[PDB]
Every structure is written in C-alpha cells, then in structure tokens.
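Next comes just one chain, in structure tokens: the form deposited in one PDB entry.
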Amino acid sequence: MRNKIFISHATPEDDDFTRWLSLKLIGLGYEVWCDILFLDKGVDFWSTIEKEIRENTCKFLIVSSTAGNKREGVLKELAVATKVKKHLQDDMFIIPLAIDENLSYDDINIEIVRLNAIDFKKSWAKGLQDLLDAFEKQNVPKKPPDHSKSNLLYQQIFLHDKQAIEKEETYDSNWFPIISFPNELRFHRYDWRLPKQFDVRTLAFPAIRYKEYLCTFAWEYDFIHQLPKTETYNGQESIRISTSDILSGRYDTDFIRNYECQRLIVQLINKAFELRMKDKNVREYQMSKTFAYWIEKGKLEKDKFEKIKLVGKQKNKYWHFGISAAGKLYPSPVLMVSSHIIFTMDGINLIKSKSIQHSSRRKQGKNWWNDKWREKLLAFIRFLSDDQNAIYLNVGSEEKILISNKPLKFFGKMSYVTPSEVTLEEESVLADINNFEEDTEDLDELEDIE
C-alpha cells in the first residue's frame, strides 16, 4: 500500500507551483499528496507525520526556494523525513526541488544538500521529466495515466472556495419608472401661426418643428411671448391624441403611425429636461451629444449631501458627481440617466481642454465599485427630486410629467459565495478627520515613484 508521493512546501508563502505540480503528478498517474490537495479539516497538522510520512510515502519533495533554511514548516517535516528514511534504510528519499534562482550557492539549507537536487530555476522543461525519469528508474509505483481525476480533483479544491451560489437577492436598476402622464397630446399648426425661420429649440416650452408637421405639448395661448398671434385661436381645432393610447400602439393614422409618435415623445421627454435644470440650481456642462448637470461647490452640507460625498477634491482638482438624462419608453415608460464625473479647478472656470477632463475622469473612477457608485447615483436623483415620491418635470403650463426617484427593482437567483468577506482588504476603522487621510499619501507617493 506504499504507493504515494509526499510534497512539502511553504503553503502560505510564495510557493504556488506546488498546486500545478501536484495536479500534473496526479494527472500523469502518480498518487501525490500535498498540503493544499487535502483541504477539508485545517491545512497541515501532525496527522501528515502520523501516517503517510511513515507508512504511505515513496518519495519526499522539498520546495527549497527562499526560506527552506528558515521556515519551521519545511524544516519540521524534513526532520521527520530524514529519520524516516533511515528507518527504511533507503538511498533516494528526499528531493531538493530548488525553485528560486536567487538562492545563492553559499546561502542554502545545510540539511537538504545531502542528496542531489533537480533543477527548476531556469525552466521546468528540464525538471518536469527529471522527476518522471527518476521515478521510473527508481521503480516508483504508477497508476495508469488518466487526466479525468486531475480535472475532478481540481474542481473539488476550488469548489467550496468559490462558485455560483443560488441565493435570491435584488438589484437596483438605472431605470426610473414613470407612472403619471398628461391625459392628452395636442399638435398645433396653421402654417401661419408660426414661421419656419425662428428657432424652436429656444421656445419657452418643449416643442420642435418638423418639415411639415409641428409638435408641442401646451395650449395655443402659451406661446405669445416667443411670437404674437397665437392666443387668438381656439383649442377645438387642434390635433388631439390620447397619450394613454399613443404609446400602446393602438392608435395609428395616415399622417403618422404609432412608431413615429414614440420617437416624438422621446424628443419631448428629453428636451423638457433642460428646463428643470434651471430650477434645481445646478450648473450645466456642454457635454458631447448630451448635457451633464452637476451640483456646485459646497452647495450642500460641506460638499456632501445626505452623508454622500457628491462633491469632492481630487488632489489639485475638484470633482463633482453629475448625470445626463435620456427618456426611453419601449418596455415601459421610464427615465434613464448616464452617470458622469465632472472636473473643475476651483468652480469659477471649468478646464478648457477636454483631454485632461477625460484623463482625470479615468483616474477618479478607478477606485470605485458597485455600492460606492450606486449610492452616489441615487443621491443625485433624490436631491433633484421636487418631492419624496417622485420628481416634477414641467412640460406644460397645467400638466407636468411625474418621474419616480426610486429605480425599478430586479431580483436574481445567483449572487456570490455563501461565506461573507470575499475580499478582506481595508476594513478596519481608525480615528480620522478627513477622508482618504493616509490613502492620499499612498496614492501621491506611488505617482512620484511610478
């Protein structure tokens, strides 16, 4: 029953080739035992010495790379290995699998150079078969080769360690549902009440001009200020379409089908956003193809709102949270926002060059993750909200759309491993006066270093 191979290595230290060597050793047919390859009750104990090093081993392998002369784990087992070899009165029992090249000839454990050492420093191609040929010439027992066990045992080691777990949990979307809408949509057109030269994008209320068919959402008497001769008309001759049916697609006529109306509502639901940004006291940024809106410097309680740091300083520069909106209504009438980070030297004047803005943007969001991002997005929506339940976006004089602030909830099935604390990094809390107190020193110094 003596058909096993023992592996000794620094399990916690930088000895990770023992994993792949053991898998190949069991893959090639040899029955190999290592510290990691037996992980169901602790890692290493006296039980390894108790049975296998005496009764169930054929070779003993030492990873003498960096601290073999120093580590107690490699030394305490080697002491067992040396005397158990004498009890067997064999010749070749321990093998010095030297790994580190930096281990000089004058710096090596005294108790390992007793037997000749196979070489792995320059390349494995010399060492992989060197174990193989030595085992054959020494008649090491060999099960018939099979890689099925190597795959099977590889999964077991890293199955409880990490895999998908079917535990139900919810997710917070980027989609803001819309539940209240004006009951009707009106199109005003006489071909003479308005000309085709003046700008419609600058109109006091959301409305744009097409080549032949005009669109708006207000009455005929709400556009006197831009140009006169509009209030004299009556609303009975306007083109009224039920909004409750304009989106479901049931409506369809000759001038425009239902799908043209869907594109029109999107244009109106988006152009109307810019007017609400003059009511919540935020600055506007000439973003490409959209508009980014961010809160000014120290407007809220010390650059932060609701214990969320929506505004902060990145070293020399000042960063501010901001969003850009987009209204889509295909699966359901919802509002969409694109998260943005906007930089300014002080706040009086933004940085003229866009390249520095993006490059600085890249670094700032680098140390950001899910919750650190999600909580900072919902914050900029709740403040923008004119009410706790929803926001009030003005589209008409007496009718306004209502967009909820709480995003829609999606619940899944597979989230993450059952044990908590996936990454035990930077969890302690110390008495600090400013955020990133010691962190900025680490970040700034590394930039100077590299």
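For clarity, a rigid core is taken as the largest C-alpha set superposing within 1.5 Å between two forms. In case it trips you up, residue 1 is the first one in the sequence shown, and so on.
There is another form of the same protein, the form deposited in another entry; it is not shown, and what comes next is about it.
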Quick one: with the rigid core lined up, which of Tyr213, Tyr251, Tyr318, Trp175 moves its CA 2 Å or more between the shown form and the other one? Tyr213
Quick check: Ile356 between the shown form and the other one - does its CA shift reach 2 Å or more after fitting the rigid core? no
Core superposed first: is there a CA shift of 2 Å or greater at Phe273 between the shown form and the other one? no
Relative to the superposed rigid core, does the CA atom of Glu306 travel 2 Å or more between the shown form and the other one? yes
Direction of the Cα shift between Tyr210 and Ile241 in the other form, where the change is 3 Å or more: closer
Do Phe380 and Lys304 move together or apart in the other form, judged by C-alpha distance changing 3 Å or more? closer
